[PDB]
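Student:
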Amino acid sequence: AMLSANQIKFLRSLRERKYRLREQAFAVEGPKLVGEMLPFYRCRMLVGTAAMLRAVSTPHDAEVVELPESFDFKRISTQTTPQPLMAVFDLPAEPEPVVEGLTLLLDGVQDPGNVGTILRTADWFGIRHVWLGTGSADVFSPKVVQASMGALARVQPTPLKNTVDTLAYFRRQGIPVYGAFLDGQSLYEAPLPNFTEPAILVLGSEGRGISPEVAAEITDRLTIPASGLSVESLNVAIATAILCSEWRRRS
Numbered sequence: 000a001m002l003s004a005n006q007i008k009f010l011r012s013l014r015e016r017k018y019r020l021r022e023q024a025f026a027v028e029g030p031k032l033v034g035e036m037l038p039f040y041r042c043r044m045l046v047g048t049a050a051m052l053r054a055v056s057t058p059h060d061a062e063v064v065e066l067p068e069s070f071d072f073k074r075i076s077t078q079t080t081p082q083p084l085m086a087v088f089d090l091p092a093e094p095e096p097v098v099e100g101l102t103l104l105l106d107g108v109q110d111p112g113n114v115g116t117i118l119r120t121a122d123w124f125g126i127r128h129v130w131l132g133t134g135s136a137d138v139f140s141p142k143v144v145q146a147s148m149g150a151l152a153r154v155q156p157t158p159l160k161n162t163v164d165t166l167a168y169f170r171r172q173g174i175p176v177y178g179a180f181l182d183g184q185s186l187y188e189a190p191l192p193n194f195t196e197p198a199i200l201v202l203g204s205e206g207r208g209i210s211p212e213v214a215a216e217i218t219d220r221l222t223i224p225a226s227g228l229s230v235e236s237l238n239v240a241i242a243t244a245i246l247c248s249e250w251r252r253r254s
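Letter by letter, the sequence shown follows residues 0 to 230, 235 to 254 of the deposited numbering.
1) Expressed to the nearest angstrom, what Euclidean distance is found between the alpha-carbon atoms of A136 and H59?
2) Let me confirm a value: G227 is counted as buried when at least 16 other C-beta atoms fall within 10 Å, else exposed. Which label applies?
3) Taking only runs that begin and end inside the segment 40-122, name each unbroken beta strand (DSSP E) of 3 or more residues, in chain order.
4) Per DSSP, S204 forms a beta bridge with which residues?
5) So, for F88: in the same chain, excluding its five sequence neighbours on each side, which residues have a beta-carbon less than 8 Å away from its beta-carbon?
6) Which residue comes first and which comes last in the beta strand (DSSP E) that contains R220?
7) Under a Cβ-count criterion, where at least 16 other Cβ atoms within 10 Å of its own Cβ denotes burial, should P96 be classed as buried or exposed?
8) Pick out whichever of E196, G115, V129 has its Cα sitting closest to the Cα of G100.
9) Just the Cα atoms here: how many angstroms apart are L159 and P91?
10) Whose CA, out of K31, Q184, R119, lies closest to the CA of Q155?
11) Put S254 into one of helix, strand or coil per three-state DSSP.
12) Have a look at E235 and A150 and give me their C-alpha separation to the nearest angstrom.
13) Could you tell me whether the Cβ atoms of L103 and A121 are closer together than 8 Å?
14) Contact between the segment 197-205 and the segment 73-81: three or more CB pairs below 8 Å?
15) For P158, which three-state DSSP category applies?
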């Protein structure tokens, strides 16, 4: 019936990376995203109006707080127009990176918008793993989560400790490492593995592209050819969509 001062402080703290890390927790807002992600994440706390709570299966072993219609969700939400349901989930026990089929690596893709779009594209085409390298946006930040369209239900995201070490390691096991560059083989001419076969595809920011140290680990450079009326770069999420589509078309 009332959130305690401690609960409100806890909920509000999760908008900061510092506290997500300390608490090993992150929040998700609204029935659509909470409903979709409940089966896949460990729910610690679920706060909502009665009408919202009845629509989701009560999480096993969570603190569930039913709030009145009058409760102002701006007290706890990060959203300009809050929805009356907020869940707190455990941050996944940070995994070893795994390659299962085509696997995206985002090298320094800092923009939260771009990362969210990429997650949705990965989900659309059935990418199972998205790795996040040095300087990439935090996928569990509210900005990414709220723009994810449920993608975190099915796309496992992996912040990397050492991108180069990881690439070198998988590369030496004979997993092909593709990279999107402005100079390289046309993606239409490159023979590609089936979507279900192990492969890593590295994407950098349009601002700086793939860093030199990461580029050194790439086995196969791919380019999306330009063909305009004058003989720079495509937005990284756009390039990702083009690459994934083509990988799937051939599968």
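Ideal Cβ placement from N, Cα and C applies to all residues, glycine included.
Tutor: In short:
1) Taking the sequence shown and counting its residues from 1, the one referred to as residue 136 is at position 137. Taking the sequence shown and counting its residues from 1, the one referred to as residue 59 is at position 60. Distance between the alpha carbons of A136 and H59: 31 Å.
2) Here residue 227 corresponds to residue number 228 of the sequence shown, with the count starting at 1. That one is exposed.
3) Restricted to the segment 40-122, the beta strand (DSSP E) segments that are unbroken, complete and at least 3 residues in length are 42-48, 62-66, 84-89, 101-106, listed in chain order.
4) Here residue 204 is taken as the residue at index 205 of the sequence shown, counted from 1. Assignment of beta-bridge partners to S204 by DSSP yields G208.
5) On the sequence shown, position 89 is the one that residue 88 refers to. These residues qualify, in order along the chain: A24, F25, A26, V27, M36, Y40, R41, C42, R43.
6) Here residue 220 is taken as the residue at index 221 of the sequence shown, counted from 1. Looking at the DSSP string, the run of the beta strand (DSSP E) that includes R220 is 219-222.
7) Counting from 1 along the sequence shown, the entry for residue 96 is found at position 97. The residue in question, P96, is buried, as its Cβ has 16 or more Cβ neighbours within 10 Å.
8) The residue you call residue 100 lines up with position 101 of the sequence shown. Each of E196, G115, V129 was checked against the Cα of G100, and the nearest Cα belongs to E196.
9) Counting from 1 along the sequence shown, the entry for residue 159 is found at position 160. Counting from 1 along the sequence shown, the entry for residue 91 is found at position 92. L159 and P91 have their C-alpha atoms spaced approximately 14 Å apart.
10) Along the sequence shown, read from residue 1 onward, the residue named residue 155 stands at position 156. Of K31, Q184, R119, the residue nearest in Cα terms is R119.
11) Residue 254 sits at position 251 when you count from the first residue of the sequence shown. Secondary structure at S254: coil, using DSSP grouped into helix, strand and coil.
12) The count along the sequence shown starts at 1 and reaches residue 235 at position 232. The count along the sequence shown starts at 1 and reaches residue 150 at position 151. Approximately 30 Å between the Cα atoms of the pair.
13) As a position in the sequence shown, residue 103 is number 104, starting the count at 1. As a position in the sequence shown, residue 121 is number 122, starting the count at 1. Cβ atoms of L103 and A121: closer than 8 Å.
14) No: fewer than three Cβ pairs fall under 8 Å.
15) Indexing the sequence shown from 1 puts residue 158 at position 159. Residue state, collapsed to three classes: strand.
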